[PDB]
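Below: the structure, in structure tokens.
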Amino acid sequence: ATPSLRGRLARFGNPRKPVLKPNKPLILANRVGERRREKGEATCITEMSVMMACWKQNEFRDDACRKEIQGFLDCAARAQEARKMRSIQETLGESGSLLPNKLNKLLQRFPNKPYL
Amino acid sequence: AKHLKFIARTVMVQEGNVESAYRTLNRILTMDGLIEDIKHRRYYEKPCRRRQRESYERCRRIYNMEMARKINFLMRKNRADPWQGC
Amino acid sequence: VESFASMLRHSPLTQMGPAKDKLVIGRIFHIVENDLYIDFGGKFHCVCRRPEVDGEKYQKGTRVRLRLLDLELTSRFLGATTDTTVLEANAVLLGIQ
Amino acid sequence: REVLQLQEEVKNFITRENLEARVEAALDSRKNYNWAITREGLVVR
Amino acid sequence: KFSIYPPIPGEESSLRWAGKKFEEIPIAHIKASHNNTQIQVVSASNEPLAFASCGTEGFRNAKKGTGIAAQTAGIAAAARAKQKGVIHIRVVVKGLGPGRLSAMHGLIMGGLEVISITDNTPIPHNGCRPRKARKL
Amino acid sequence: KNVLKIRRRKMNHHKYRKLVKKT
Amino acid sequence: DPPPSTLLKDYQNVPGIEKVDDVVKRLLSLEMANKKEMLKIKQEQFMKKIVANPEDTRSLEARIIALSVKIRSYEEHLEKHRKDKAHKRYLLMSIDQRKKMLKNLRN
Amino acid sequence: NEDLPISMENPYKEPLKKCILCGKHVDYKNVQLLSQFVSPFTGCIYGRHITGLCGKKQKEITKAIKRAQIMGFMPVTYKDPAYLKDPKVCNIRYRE
Amino acid sequence: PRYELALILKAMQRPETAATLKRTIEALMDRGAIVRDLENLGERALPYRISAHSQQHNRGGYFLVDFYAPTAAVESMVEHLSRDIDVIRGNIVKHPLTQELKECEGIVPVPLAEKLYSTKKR
RNA sequence: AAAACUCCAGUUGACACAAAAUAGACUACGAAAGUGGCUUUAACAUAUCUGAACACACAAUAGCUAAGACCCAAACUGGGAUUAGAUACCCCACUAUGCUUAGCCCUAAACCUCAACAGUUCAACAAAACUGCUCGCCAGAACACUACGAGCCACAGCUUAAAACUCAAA
Ligand SMILES: [Mg+2]
Ligand SMILES: [Mg+2]
Ligand SMILES: [Mg+2]
Ligand SMILES: [Mg+2]
Ligand SMILES: [Mg+2]
Ligand SMILES: [Mg+2]
Ligand SMILES: [Mg+2]
Ligand SMILES: [Mg+2]
Ligand SMILES: [Mg+2]
Ligand SMILES: [Mg+2]
Ligand SMILES: [Mg+2]
Ligand SMILES: [Mg+2]
Ligand SMILES: [Zn+2]
């Protein structure tokens, strides 16, 4: 249920102070905002941590901690492939709902009418 | 401080999924608006700005809920073109 | 000669009363992939998904039974002066005959 | 009706002559104001 | 079957963790500030068992306010709790800094077992006025 | 609207408060 | 000042009053009641003492007696609660409103 | 003329929707019902969009909750664990 | 008017509990009250540690005193309860069953605001 | 980052004269200012309307006088950063001040810049266009929230409020 707009704005005839002060006229646009990007991640940090622990506990010798090293490299490879998969996934289809461009096509077929 | 020490905001881990438990904890705090309260009460917000913010958020809620009623009301007509060549 | 007031009073869309939850027979008149474009009388057509059970007994001309939730399906939004009609009614397909 | 309803009720009021017996009766009794509502508007005592 | 809600101290509770009920499992407290994360392990009767933090583990100034620093501090605190004999732990976090889950992960990597997560972050019901907003 | 008239009156007021302090 | 042992207006016409127990007399008296009820009685007593037909409640004289009771109440308040500026406005507005009705009856 | 319509107040008019507590007496001693309209983990009073109470009832439940918690009847920061078992009437969903 | 006294008393035994209930009710009638009823909501754990009269209380016995008192007696009753060291928390309210319940026709639906902006092109 | 603190930090327990999460997606009360923790008492003018800038009563914040309170915040000030400088923005510390009581001072972009009462359905932007009636105000820019006079518990104050010179625009 949408919050009401009955006596919330500063209008003629309203006996009240304005509840809301909208900086833009509260009318639905024919547009939907574009999809925001994802942000910084800092991936592979935990494995990098486990790798660098071995190094300082073992005079910085790789042959000492091959398994931790391999964990860091495989986390890096999986992170890169996750990046590629996620890029192609967000290009392919938005999860659950529809793409902003196609929703804008829909809103262009049934436009808002603030006039008469 | 004067309540019972381990009931409030307490989630239990299941099987060993601590990640399915912290995410849950952050979700109750987000859903009850605790997290945004902490972020907003790190620095004092002067009451003029309190009113301006809490009016912009309410106008945003009204507008967002209206485009959502419109997007759902018209997602039925996103069916294939019934008369392709007009 | 019957007057339009008589035509209306004794008519079946004026004896139906409130359309919600009233069972109505309709005829498929167009099919796109699996969207069956049916009628039921009324000003608008309803569009229903193809029921996968018996999913070949739904062709152009088949008489089906519908629940009916609405007859026009419209709504006014934030800045609108008029309603946003979808030019389609709303019904749930129960089955055939 | 209000006056007559109040008349019948004053006979059961705590006085100086009723105090210890009524205190002990209260100490043996228990009233529960707790009740829960359902999704349907029905009380589940 | 499973409950997110914890056991009420005064009641029957079939859930156990190596003999101990819910109320005698030791408690790890993680204060997660914007510049530091401090983890202290105490017993159920408040006997200190382990205390580690980013400044303790070596990160000096602004590198303290990182997830890796809280992970290292959690590993060290879990190590000292293991030498004091602690396996199971109930985690209480106070704050919203970078290293909250990082300190939790540091404790699990160090080898302690988390059974409950509590959040005691201070929220006044409008008490003391905070600092002025920065003109950053 | 801009605040240019307000700016002129603001600068007028500042110079006055400085004269009363100075004299 | 009506005595604390007086009886509420709504209840002062109930046929069984002198036989009721003293606890019931105390319970519907003015001791165990509020100040707004003393003012109803002071407005009907003053009513019986001044006006012709105390059953109009729509006349100039009746309206002056009603405003005059609020003015004593606004005055009695402003004597304990001295810094109550809101009720000081009501009193001074009401002293002014009595004075107006008074004039129109004088004329 | 006989089949022309006639002025009447709307039949098929559904009776107005009523609130879960419409006609019941909210009391501050009823910490079993007040607890239902609070949050299990934080004790946060729920809004209208979760409770589904009318304005009169959201006001009476809020005032009774505040009265009981300052009077020593209700916990402030949690829902008394004894009541995390009663009939749920609130439209909220924490677990997944 | 009619008042209700919500009284959280100390966790005690029967003779001391009868003694303090007697003390409070005699204080009421000495202040000029006609007491209606005594109720025992019962002894339970407190929602929080109420510290009163140099003690830290964890449990308490909940009682109700329904009474009538003059308008100028509630303050003296509050002072007496504040000085009683067996009372954990006493609070006097106007009795709820003196406010009459209004009939609710139901939830009157609210529409979408209209004529909030002009019909210019814009 | 430095300076600062290490009479420090974490858990726990005692503990306010400060401030009032959530509710609040509610739109209420008040003349305006303003009012959102709980309880109680008192209490929210006018059975036409308009009307005091010759009156009376109020009026956020800041400020003054006197006596108290002290968690936190913080003009000023000092220290540390920055910079060409940095009397700033960033960090740390601390005061006047914010609180209470008593008295002043009487100002705000005190603006929803949209007067009260009664009624109706197009310059541009903005919050569609008007009718009756009444009061208040306004008449190129700047000089000018200024000078002078008067009044005022105000004495670096407030209200009221010009003119000369200049311009052909604002
Ligand atoms: Mg604007
Ligand atoms: Mg240093
Ligand atoms: Mg205070
Ligand atoms: Mg007038
Ligand atoms: Mg005036
Ligand atoms: Mg300070
Ligand atoms: Mg100070
Ligand atoms: Mg002032
Ligand atoms: Mg103006
Ligand atoms: Mg006027
Ligand atoms: Mg000025
Ligand atoms: Mg001047
Ligand atoms: Zn209702």
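Convention: chains lettered A, B, ... in structure tokens order; per-chain residue numbering from 1; ligands numbered from 1 as shown.
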(request) Do a neighbour search on residue 38 of chain G at 10 Å with only C-alpha atoms (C1' of nucleotides), toss out local chain neighbours closer than 5 positions, and write the hits as a VMD selection string. (result) chain G and resid 1 to 4 6 to 9 30 to 31 33 43 to 44
(request) May I ask you to write as a PyMOL selection string all residues lying at most 12 Å from ligand 8, with only C-alpha atoms (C1' of nucleotides) and all ligand atoms counted? (result) chain J and resi 33+58-63+104-108+110
Which residues are near ligand 2 in this structure, taking near to mean any atom at most 8 Å from a ligand atom and counting only C-alpha atoms (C1' of nucleotides) and all ligand atoms? Format them as a PDB file with N, CA, C and O atoms (P, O5', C5', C4', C3', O3' and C1' of nucleotides), in the first residue's frame.
ATOM      1  P     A J   2      52.374   8.847  12.332  1.00  0.00           P
ATOM      2  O5'   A J   2      52.761  10.105  13.227  1.00  0.00           O
ATOM      3  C5'   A J   2      53.694  11.086  12.754  1.00  0.00           C
ATOM      4  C4'   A J   2      53.188  12.473  13.052  1.00  0.00           C
ATOM      5  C3'   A J   2      52.831  12.756  14.504  1.00  0.00           C
ATOM      6  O3'   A J   2      53.985  13.103  15.255  1.00  0.00           O
ATOM      7  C1'   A J   2      51.128  13.593  13.092  1.00  0.00           C
ATOM      8  P     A J   3      54.145  12.612  16.757  1.00  0.00           P
ATOM      9  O5'   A J   3      53.180  13.579  17.578  1.00  0.00           O
ATOM     10  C5'   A J   3      53.465  14.984  17.725  1.00  0.00           C
ATOM     11  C4'   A J   3      52.204  15.746  18.057  1.00  0.00           C
ATOM     12  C3'   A J   3      51.504  15.341  19.347  1.00  0.00           C
ATOM     13  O3'   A J   3      52.084  15.923  20.529  1.00  0.00           O
ATOM     14  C1'   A J   3      49.914  15.419  17.623  1.00  0.00           C
ATOM     15  P     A J   4      52.290  15.041  21.876  1.00  0.00           P
ATOM     16  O5'   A J   4      50.812  14.668  22.332  1.00  0.00           O
ATOM     17  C5'   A J   4      49.895  15.667  22.754  1.00  0.00           C
ATOM     18  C4'   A J   4      48.504  15.104  22.865  1.00  0.00           C
ATOM     19  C3'   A J   4      48.340  13.983  23.873  1.00  0.00           C
ATOM     20  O3'   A J   4      48.186  14.467  25.192  1.00  0.00           O
ATOM     21  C1'   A J   4      47.316  13.364  21.839  1.00  0.00           C
TER      22        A J   4
END
Go through chain G and flag each residue having an atom no more than 10 Å from chain I; for those, report the closest pair of atoms plus their distance in Å to one decimal, using only C-alpha atoms, ordered by chain and rising number, as a Markdown table.
| residue | atom | partner | partner_atom | distance |
| --- | --- | --- | --- | --- |
| G:23 | CA | I:34 | CA | 7.6 |
| G:24 | CA | I:34 | CA | 9.5 |
| G:26 | CA | I:34 | CA | 8.7 |
| G:27 | CA | I:34 | CA | 7.7 |
| G:28 | CA | I:1 | CA | 9.6 |
| G:30 | CA | I:70 | CA | 8.6 |
| G:31 | CA | I:70 | CA | 5.7 |
| G:32 | CA | I:70 | CA | 4.3 |
| G:33 | CA | I:1 | CA | 5.4 |
| G:34 | CA | I:71 | CA | 6.2 |
| G:35 | CA | I:71 | CA | 8.5 |
I need the chosen residues saved as a PDB file, in the first residue's frame, with C-alpha atoms.
ATOM      1  CA  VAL G  23     -19.539   5.176  50.822  1.00  0.00           C
ATOM      2  CA  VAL G  24     -21.766   5.568  47.736  1.00  0.00           C
ATOM      3  CA  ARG G  26     -18.723   9.789  48.937  1.00  0.00           C
ATOM      4  CA  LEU G  27     -18.212   7.971  45.625  1.00  0.00           C
ATOM      5  CA  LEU G  28     -20.688  10.137  43.610  1.00  0.00           C
ATOM      6  CA  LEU G  30     -17.627  16.001  44.514  1.00  0.00           C
ATOM      7  CA  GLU G  31     -14.707  14.762  46.617  1.00  0.00           C
ATOM      8  CA  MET G  32     -14.125  11.869  44.262  1.00  0.00           C
ATOM      9  CA  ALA G  33     -14.644  13.808  41.052  1.00  0.00           C
ATOM     10  CA  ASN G  34     -12.823  16.449  39.081  1.00  0.00           C
ATOM     11  CA  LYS G  35     -12.792  20.212  38.794  1.00  0.00           C
TER      12      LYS G  35
END
(message) Can you tell me which residues surround segment 63-76 of chain G at a distance of at most 8 Å, considering only C-alpha atoms (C1' of nucleotides), apart from same-chain residues fewer than 2 positions away, and format the answer as a list in words?
(response) residues 39, 42, 43, 46, 47, 57, 58, 59, 60, 61, 78, 79, 80, 87, 88, 90, 91, 94, 95, 97, 98, 101 and 102 of chain G
Given the selection you just returned, output its residues as a file containing C-alpha atoms, formatted as a JSON list (two decimals), in the first residue's frame.
[["chain", "number", "residue", "atom", "x", "y", "z"],
["G", 39, "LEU", "CA", -17.71, 24.21, 37.22],
["G", 42, "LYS", "CA", -21.22, 26.54, 39.63],
["G", 43, "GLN", "CA", -22.68, 27.36, 36.16],
["G", 46, "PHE", "CA", -25.19, 30.69, 39.23],
["G", 47, "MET", "CA", -27.77, 29.73, 36.59],
["G", 57, "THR", "CA", -28.24, 27.58, 26.84],
["G", 58, "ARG", "CA", -28.34, 29.63, 23.60],
["G", 59, "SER", "CA", -28.86, 33.21, 24.93],
["G", 60, "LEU", "CA", -26.55, 36.20, 25.56],
["G", 61, "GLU", "CA", -27.02, 36.06, 29.37],
["G", 78, "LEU", "CA", -2.77, 31.06, 36.28],
["G", 79, "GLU", "CA", -2.33, 31.37, 40.10],
["G", 80, "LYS", "CA", -0.56, 28.04, 40.64],
["G", 87, "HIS", "CA", -3.71, 29.91, 29.28],
["G", 88, "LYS", "CA", -2.89, 33.62, 29.88],
["G", 90, "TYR", "CA", -7.16, 32.31, 26.66],
["G", 91, "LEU", "CA", -8.01, 34.36, 29.81],
["G", 94, "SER", "CA", -12.02, 35.48, 27.15],
["G", 95, "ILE", "CA", -12.03, 38.62, 29.35],
["G", 97, "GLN", "CA", -15.04, 38.08, 24.75],
["G", 98, "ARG", "CA", -17.07, 38.48, 27.93],
["G", 101, "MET", "CA", -21.04, 39.90, 24.83],
["G", 102, "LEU", "CA", -21.63, 42.13, 27.92]]
